[PDB]
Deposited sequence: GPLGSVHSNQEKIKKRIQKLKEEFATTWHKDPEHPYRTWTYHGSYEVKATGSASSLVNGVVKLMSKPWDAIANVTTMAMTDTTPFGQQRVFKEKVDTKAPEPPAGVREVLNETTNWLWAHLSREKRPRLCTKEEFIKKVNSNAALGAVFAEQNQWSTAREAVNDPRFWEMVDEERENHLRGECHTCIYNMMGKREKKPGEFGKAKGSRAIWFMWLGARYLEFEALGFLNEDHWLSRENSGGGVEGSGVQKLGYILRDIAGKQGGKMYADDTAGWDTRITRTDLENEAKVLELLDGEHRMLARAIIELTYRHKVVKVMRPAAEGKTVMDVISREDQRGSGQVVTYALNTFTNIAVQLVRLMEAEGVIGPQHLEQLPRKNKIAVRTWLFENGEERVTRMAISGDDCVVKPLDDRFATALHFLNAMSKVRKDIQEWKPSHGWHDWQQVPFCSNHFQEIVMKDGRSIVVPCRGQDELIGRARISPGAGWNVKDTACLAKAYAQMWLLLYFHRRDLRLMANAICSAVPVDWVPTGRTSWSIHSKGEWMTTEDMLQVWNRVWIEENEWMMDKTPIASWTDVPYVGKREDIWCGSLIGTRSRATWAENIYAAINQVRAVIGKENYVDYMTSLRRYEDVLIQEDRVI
């Protein structure tokens, strides 16, 4: 019967590629049913402006060696084997009973005020025509070039409608996963560095349907701090410091921020079941559509991934399994956030003595009671002791027993990264040490007495990323506008870093004052892009850090950059600054040559001297 639910998708595939379809180089797959293969053409970039404005960093390996993705069949195969051909064991009965109660409570709290609703075509279109259906990677719309043209084409919507009737009928024909490649390991301190991950694509239509049925969780902000207490969905990275500093303001133990080692490979069928409880919030047609997404696309999956063969030849494998995620779903972040809140609530209950190692296998009735009673009595408060964004977590428990509350965690397969399995976690007394969404956060004193909580992250990573140009069809102009997007990002979020302040200015001096930044500087749901503008960045800085800063009680505007603070030198150096260095001194002193060489490549335009 699993065979039954993937039939139509396999069949559509054997048909379309009946030509080259064969069954089996001796395939690698261990935990995925293998159906067959066919021949395909395989699949498989420096920002001159940024490069030119950052000569010292030519000498830094973290920067020069940086690559984002590996789209080759080789990389597809490696990431699949290391992160997808894997199976997390299901938690024991006692643990299942605890997650059951815990997720019942969380669903009821998240739906206390908000009502589910279908998302719409015109809504999807609105989303597509802008700054993307980000992360939920689109790119299969190949009867059209782009998503913009596809959603404008009446025939596209007929495709959607047709599959929509199949779902309303209980079948999926087109909703198929394609593993495009691997996002490379990202940098970070032991226990926070992100491992490699899979990049999933689906037909644009399968994304619409998913978005129609379940997108409400994102569009109506179910995981906003206001709705969920623990979540931070909707906030920009510039808000997260402040939220952490508020959590730190509460009475309790040290602050914890344990990562799970490969969170997406560690979601269980139990977790999916508890997530699938959304269905019970929906009615009529809405629930029918959602039930199909959950059952036919989330649960009975079909996957295409490339593999190297024979004579510099590559095949596409077709495989299936009843599974869960890795992302590639419209609601991956929202459901990761949900499950992670649940996970942390269970950890807190162990830390607080409500449940023990004795309860893993079987949950005594008395304990079932104490669980429901604790959630009811405490859930609303404990949730505010958390900052949860996807698999990222920060939690401040009542006391440091939390450090040893590990039995339920490990039994849930939510094994922590880079620490021995039963070694107590490390917590920090100082909230400014705590890592969260690739940053930490520092409180700094501005010249005028007032203070701000700003985000800091390894500077090499930032320069490295700005140096990368995604283009092939990125212009001189597009290249300069991308460089400008990065520079202005740094001015809004990392102005407190000397080298970046200096490098943002020089980039901005070097690109026409009237060119609008384009492209994207971050994939993070927390990267809001107030820097995608031609508005003077001081004004934008004032708006973010003073005017709209709800932790800023005095609204007195900052008047010049010379009044906008830097971290202390010690910090700047800790996070990768090159100040106090011969090459960076030389660089600061010759900058103008680089700025001029850029103005002279781009040519005669309106420029502005921001180095004053």
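Absence of C-alpha coordinates is noted for several segments of the deposited sequence, namely 1-7, 52-55, 624-639.
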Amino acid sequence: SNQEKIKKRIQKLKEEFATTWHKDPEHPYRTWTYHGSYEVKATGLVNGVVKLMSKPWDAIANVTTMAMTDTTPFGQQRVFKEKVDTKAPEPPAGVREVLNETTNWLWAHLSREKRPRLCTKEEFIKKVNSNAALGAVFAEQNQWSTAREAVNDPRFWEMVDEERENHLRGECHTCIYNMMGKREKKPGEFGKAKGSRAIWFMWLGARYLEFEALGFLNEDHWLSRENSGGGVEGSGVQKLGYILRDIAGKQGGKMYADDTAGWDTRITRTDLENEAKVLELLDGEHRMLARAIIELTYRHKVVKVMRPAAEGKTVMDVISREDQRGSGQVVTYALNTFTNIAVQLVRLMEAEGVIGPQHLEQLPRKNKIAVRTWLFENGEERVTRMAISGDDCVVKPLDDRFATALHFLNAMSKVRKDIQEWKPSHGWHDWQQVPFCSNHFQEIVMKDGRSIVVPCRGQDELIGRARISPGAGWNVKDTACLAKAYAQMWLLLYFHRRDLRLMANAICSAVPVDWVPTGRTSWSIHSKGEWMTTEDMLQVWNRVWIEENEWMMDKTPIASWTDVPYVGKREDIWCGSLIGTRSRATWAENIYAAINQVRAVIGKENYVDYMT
From here on, numbers count along this sequence of modelled residues.
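Comparing the deposited coordinates for 553-561 and 62-70, the stretch with the larger average C-alpha B-factor is 553-561. In this entry, the higher average B-factor at the C-alpha atoms falls on 156-164, of the pair 156-164 and 237-245. Highest CA B-factor among the listed residues (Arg382, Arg401, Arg465, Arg450): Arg450.
The top Cα temperature factor in the record, among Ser54, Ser577, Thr43, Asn47, falls on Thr43. Remark: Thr260 belongs to the lowest third of its chain, ranked by C-alpha B-factor as recorded.
In the PDB entry, a CA B factor belonging to the middle third of its chain's modelled residues is recorded for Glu123. Residue-level temperature factors show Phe190 in the highest third of its chain, judged at the C-alpha atom. Annotation for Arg372: CA B-factor lies in the middle third of the chain's modelled residues. The PDB entry assigns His426 a C-alpha temperature factor belonging to the lowest third of its chain's modelled residues.
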